[PDB]
Amino acid sequence: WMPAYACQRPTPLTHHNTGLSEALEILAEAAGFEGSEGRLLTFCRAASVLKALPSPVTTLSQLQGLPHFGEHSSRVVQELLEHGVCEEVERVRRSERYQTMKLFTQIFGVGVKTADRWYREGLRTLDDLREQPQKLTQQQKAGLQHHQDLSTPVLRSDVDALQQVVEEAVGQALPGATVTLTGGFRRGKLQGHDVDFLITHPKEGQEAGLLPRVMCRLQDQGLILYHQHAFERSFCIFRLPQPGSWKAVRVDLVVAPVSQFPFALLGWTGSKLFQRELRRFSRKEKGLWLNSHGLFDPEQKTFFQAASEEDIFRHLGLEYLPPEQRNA
DNA sequence: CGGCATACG
DNA sequence: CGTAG
DNA sequence: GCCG
Ligand SMILES: [Cl-]
Ligand SMILES: [Mg+2]
Ligand SMILES: [Mg+2]
Ligand code: NA
């Protein structure tokens, strides 16, 4: 009675198998660092299955019949249950390759392919990167300059303050436009790496051209430490007040027309695995194509209208899950 | 075996 | 190539 | 790495 797709089952933020899921997610991350997207997906899916269980796994027996647990993931769990550590996981953790790829990929502007190239060139530390800055993109220069602040968690107190300043700019840019908190905070997280906001307007079409107007106003208020600048997604670094000072915070701003707002809200609320699984479910089980703009029936060549996330779950024949249960 | 989500900057 | 969930 |  464990469904195979993560979007078919509630996954709360906190659960009963934290240590086991964390170990599998190390292997998933390492698989991604080597370009093994299929193995990354299986380890992520197996980890997420454990997050959805109603109690702790105490015996290997309890994995039988669970989807995404075969010989490899079962052996990892068996060793953690019997010995408290998995040798494979500890070897990954200790490896120079894992540690450096993790360090490099957590820089804003650096992905797996860039990190891997730097690794092969012999680079290992952030100061190694700062010693050859003409090699860096301006986005990477920003990510490196701000790396320390961006490594500090954002608190829910921080979010409320940023939401207020974003609403002020949005209101001047387009009266009546609204700002909705999305991402991990909408799933109930008390901390985050960034803050995600979704912007729309109740009159279809009025949101066209909005984001440049919003960003120009935030920049004029001195709040933008970095951004890339027609566009509809902005990946920014904001100045957030602190006692006697301030800190840099990643903020994403997205604009959607109100007709697409439920699809954008669903996508930007995540989790990442939940959205991948939902889109896979849509296509492979229902023959419908889902993204953050809409839901397409490729046979009738028609888009589904949705007025709510509830509509979208119903369209897909899935029982509704609130954001707090999408923590796959 | 093929498949593994699907966009925008 | 990077970014997003 | 696992599923269908
Ligand atoms: Cl793979
Ligand atoms: Mg976020
Ligand atoms: Mg984000
Ligand atoms: Na990065």
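Proteins come first, then strands; the chains are lettered A, B, ... in the order of their sequence lines, and each starts at number 1. What you see below is based on every heavy atom in this structure, not just the backbone, and it leaves out hydrogens, waters and symmetry mates.
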Protein-nucleotide distance (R250(A), atom CZ; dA4(C), atom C1'), rounded to Å: 9 Å
- prompt: Does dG5(C) have OP1 or OP2 sitting under 4.0 Å from an N or O in the side chain of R233(A)?
  reply: no
Spacing between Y226(A) atom OH and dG2(C) atom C1', to the nearest angstrom: 9 Å
task: Please work out if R187(A) contacts a base, only the sugar-phosphate, or nothing of the nucleic acid, heavy-atom cut-off 4.0 Å.
output: sugar-phosphate
task: Give the rounded distance in Å between these two atoms: NE2 of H193(A) and P of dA4(C).
output: 11 Å
task: Could you state the atom-to-atom distance from CZ of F231(A) to P of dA4(C) in whole Å?
output: 16 Å
field: Value in whole Å for how far the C1' atom of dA7(B) lies from CD of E232(A)
entry: 9 Å
message: Please report the distance separating the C1' of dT3(C) from the corresponding atom of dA5(B), rounded so that it comes out in whole Å.
response: 15 Å
query: Between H72(A) (NE2) and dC2(D) (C1'), how many Å, whole number?
result: 12 Å
query: Between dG2(C) atom P and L136(A) atom CG, what is the distance in whole Å?
result: 13 Å
field: Exercise: do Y226(A) and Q145(A) side chains pair donor with acceptor under 3.5 Å
entry: no
What side-chain donor-acceptor pairs closer than 3.5 Å can you find for residues 32-39 of chain A, not counting sequence neighbours?
unit_1	atom_1	unit_2	atom_2	d
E34(A)	OE2	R97(A)	NE	2.9
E37(A)	OE2	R276(A)	NH1	3.0
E37(A)	OE2	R276(A)	NH2	2.8

- prompt: Can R124(A) and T100(A) be counted as having a side-chain donor-acceptor contact under 3.5 angstrom?
  reply: no
message: For the backbone of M101(A) and the side chain of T105(A), can you confirm whether one donor and one acceptor N or O come within less than 3.5 Å of each other?
response: yes
Pair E277(A) + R9(A): basic N to acidic O under 4.0 Å: no
- request: Would you indicate, yes or no, if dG2(C) has its OP1 or OP2 atom less than 4.0 angstrom from a side-chain nitrogen or oxygen of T137(A)?
  value: no
- prompt: Does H293(A) have a side-chain nitrogen or oxygen under 4.0 Å from the phosphate oxygens OP1 or OP2 of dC8(B)?
  reply: yes
- prompt: OP1 or OP2 of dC2(D) less than 4.0 angstrom from a side-chain nitrogen or oxygen of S73(A), does that happen here?
  reply: yes
field: Short side-chain donor-acceptor distance under 3.5 Å, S308(A) and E310(A)
entry: no
Atom pairs under 3.5 Å, N or O on each side, protein against nucleotides 2-5 of chain B: can you list them with distances?
unit_1	atom_1	unit_2	atom_2	d
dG3(B)	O3'	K284(A)	NZ	3.4
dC4(B)	OP1	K284(A)	NZ	3.0
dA5(B)	OP1	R276(A)	NH2	2.9
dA5(B)	OP2	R276(A)	NE	3.0
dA5(B)	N3	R279(A)	NH1	3.2

- prompt: With a non-hydrogen cut-off below 4.0 angstrom, is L253(A) in contact with a base, only sugar-phosphate, or nothing?
  reply: nothing
task: Check the surroundings of atom CG in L190(A): do more than 12 heavy atoms from other residues, nucleotides or ligands lie under 6.0 Å from it?
output: no
statement: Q139(A) CD to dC1(C) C1', in whole Å, measures 10 Å
Under-4.0 Å side-chain N/O to phosphate OP1/OP2 contact, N291(A) with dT6(B): no
